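Notes follow the structure.
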Amino acid sequence: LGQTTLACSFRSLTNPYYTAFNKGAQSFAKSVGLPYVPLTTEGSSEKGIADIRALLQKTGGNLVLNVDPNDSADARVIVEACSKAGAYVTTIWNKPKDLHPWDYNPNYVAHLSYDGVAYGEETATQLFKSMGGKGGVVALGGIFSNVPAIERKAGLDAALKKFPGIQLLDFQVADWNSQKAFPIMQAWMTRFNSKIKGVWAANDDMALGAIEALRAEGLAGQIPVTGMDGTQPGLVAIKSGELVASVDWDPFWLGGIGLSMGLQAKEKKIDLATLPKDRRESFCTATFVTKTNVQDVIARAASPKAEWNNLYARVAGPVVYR
Ligand SMILES: OC[C@H]1O[C@@H](O)[C@H](O)[C@@H](O)[C@H]1O
């Protein structure tokens with residue numbers, strides 16, 4: 001019986017969102033002096049669960065996992081594996097509607113998320129304002145089955161209903177990848193040309209991919225684009241006028257807090273069974289970012305006040321399901 005191992009599972013190191021997510025976990029392990037293990041699936045749900053199992057075995061269950069499930073289906077099997085191993089796990093973003101932490105006390109510590117319908121409608125509303133409320137819009141979505149992809153898209157469709165002057169030219173999935181969004185933006189410009197008066201992206205990486213295509217056609221900054229994540233590269237694009245808005249989930253914080261909750265549960269520092277539901281399944285507070293407050297968000301992400309000890313400081317409310 002040695003030290004507890006802290007592990008963080010996520011899709012890829014190529015998306016700055018996860019670069020920070022990983023940084024935060026790394027920083028939390030650092031603070032408590034526990035070994036850290038990053039796990040990257042690279043899009044393979046099969047690899048992600050395989051790795052988690054391999055780790056659960058080498059630690060004899062003495063593990064605290066903070067994972068962002070590749071797909072919502074993966075969440076249940078991961079949670080089942082941790083539960084039988086006696087390990088503790090926290091979920092981020094993706095999970096089935098029926099999967100609740102309170103059904104797996106105390107191993108399934110918590111699920112963290114944000115209201116994608118609200119924020120998606122927020123970035124979409126800002127985008128349409130920029131367009132004068134009229135014009136053609138193309139939209140890039142995340143992995144089809146992902147909960148945030150579904151919610152943010154739902155937020156978009158709602159902003160559209162409130163702006164009948166906006167015409168949705170075409171919605172396409174780019175799986176959160178800028179390299180997949182690039183060629184899609186190109187084909188849209190060839191297909192719709194001047195009809196495109198704006199671009200909505202389900203996350204920053206895809207927006208930057210969209211902006212790379214615009215830049216290649218000398219339109220970067222002339223066609224308003226929005227994203228979500230609030231990643232440093234996304235923030236830079238906002239200060240430069242190329243991205244009109246984004247939403248900061250604070251991946252750094254997400255990465256560390258997830259493990260913090262899990263570790264405190266394992267140490268019996270918190271009484272899981274007695275926590276309100278909104279502390280088990282939480283929608284967290286995020287920061288809408290635009291040029292007016294971009295400088296403040298940038299400064300935050302270079303001098304992060306790692307509030308690991310204050311577990312429920314950002315609980316906006318419980319996760320809701322339409
Ligand atoms: O797994 C869900 C996450 O996937 C990331 O690629 C994306 O940047 C996040 O905003 C969230 O959608």
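Throughout, numbering of the chain's residues begins at 1 and tracks the sequence.
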Evaluate the side-chain proximity of [Y] to [X]: yes if any heavy-atom separation is below 4.5 Å, no if none is.
X      : Y      : answer
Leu311 : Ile257 : yes
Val79  : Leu99  : yes
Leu275 : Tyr312 : yes
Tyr104 : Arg76  : yes
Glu281 : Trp102 : yes
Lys134 : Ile166 : no
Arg280 : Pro101 : yes
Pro224 : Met131 : yes

[X] side chain to [Y] backbone, donor-acceptor under 3.5 Å:
X      : Y      : value
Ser303 : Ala299 : no
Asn105 : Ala273 : no
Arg279 : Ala110 : no
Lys58  : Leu55  : no
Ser240 : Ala237 : yes
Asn107 : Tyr88  : no

If you count heavy atoms of other groups shown closer than 6.0 angstrom to NZ of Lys162, is the number above 12? no
Residue pairs fulfilling side-chain hydrogen bond (donor to acceptor under 3.5 Å, both in side chains) with at least one residue in [range], sequence neighbours excluded:
range            : answer
residues 282-296 : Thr287-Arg300
residues 249-265 : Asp229-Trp249, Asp250-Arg314
residues 197-208 : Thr123-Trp200, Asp204-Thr231, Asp204-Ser246

Working to the nearest 0.5 Å, report the span between [atom1] of [X] and [atom2] of [Y].
X      : Y      : atom1 : atom2 : value
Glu217 : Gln222 : CD    : CD    : 11.5 Å
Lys269 : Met261 : NZ    : CE    : 15.0 Å
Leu235 : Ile298 : CG    : CD1   : 5.0 Å
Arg53  : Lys84  : CZ    : NZ    : 8.5 Å
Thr226 : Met206 : OG1   : CE    : 10.0 Å
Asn66  : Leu259 : CG    : CG    : 4.5 Å

List the atom of [X], the atom of [Y], and the distance in Å for their closest heavy-atom pair.
X      : Y      : value
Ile223 : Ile196 : CD1-O, 4.2 Å
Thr5   : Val37  : CG2-CG2, 3.6 Å
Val173 : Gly142 : CG1-O, 3.5 Å
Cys82  : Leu65  : SG-CD2, 4.2 Å
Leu168 : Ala139 : CD1-CB, 4.3 Å
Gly234 : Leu243 : O-CD2, 3.5 Å

Output all residues satisfying salt bridge (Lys or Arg N to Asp or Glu O under 4.0 Å) with [X], sequence neighbours left out; order by chain, then residue number.
X      : result
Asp74  : none
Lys129 : none
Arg215 : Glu242
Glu121 : none

Joint cluster assignment, [X] & [Y], ILVMFWY side-chain distance < 4.5 Å:
X      : Y      : result
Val67  : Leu63  : yes
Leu112 : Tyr114 : yes
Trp308 : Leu272 : yes

Mind jotting down which residue pairs meet the ring-ring contact (aromatic ring centres under 6.0 Å, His included) criterion with at least one end in residues 147-174? Sequence neighbours excluded, please. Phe128-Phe163
Flag for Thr90-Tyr108: side-chain donor and acceptor within less than 3.5 Å: no
Do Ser45 and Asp71 have side-chain atoms, one donor and one acceptor, less than 3.5 Å apart? no
List the atom pairs, with distances to 0.1 Å, where a side-chain N or O of residues 176-183 and a protein N or O form a donor-acceptor pair under 3.5 Å, not counting sequence neighbours.
{"from": "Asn177", "atom 1": "OD1", "to": "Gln179", "atom 2": "N", "distance (Å)": "2.6"}
{"from": "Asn177", "atom 1": "OD1", "to": "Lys180", "atom 2": "N", "distance (Å)": "3.1"}

Quick check on side chain to side chain contact (heavy atoms under 4.5 Å, CB included): which of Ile238, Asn15, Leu208 does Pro233 satisfy it with? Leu208
For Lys47, what residues pass the side chain to side chain donor-acceptor pair (under 3.5 Å) criterion, not counting sequence neighbours? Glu42
Show me the donor-acceptor pairs within less than 3.5 Å that the side chains of residues 148-161 make with the rest of the protein, sequence neighbours left out.
{"from": "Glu151", "atom 1": "OE1", "to": "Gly116", "atom 2": "N", "distance (Å)": "3.4"}
{"from": "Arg152", "atom 1": "NH1", "to": "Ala202", "atom 2": "O", "distance (Å)": "2.9"}

Sequence neighbours left out, cut at 3.5 Å: what donor-acceptor pairs do the side chains of residues 17-36 make with other protein atoms?
{"from": "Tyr17", "atom 1": "OH", "to": "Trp93", "atom 2": "NE1", "distance (Å)": "2.8"}
{"from": "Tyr18", "atom 1": "OH", "to": "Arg11", "atom 2": "NH1", "distance (Å)": "3.1"}
{"from": "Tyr18", "atom 1": "OH", "to": "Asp68", "atom 2": "OD2", "distance (Å)": "2.7"}
{"from": "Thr19", "atom 1": "OG1", "to": "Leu13", "atom 2": "O", "distance (Å)": "3.4"}
{"from": "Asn22", "atom 1": "ND2", "to": "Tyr36", "atom 2": "OH", "distance (Å)": "2.6"}
{"from": "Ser31", "atom 1": "OG", "to": "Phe28", "atom 2": "O", "distance (Å)": "2.6"}

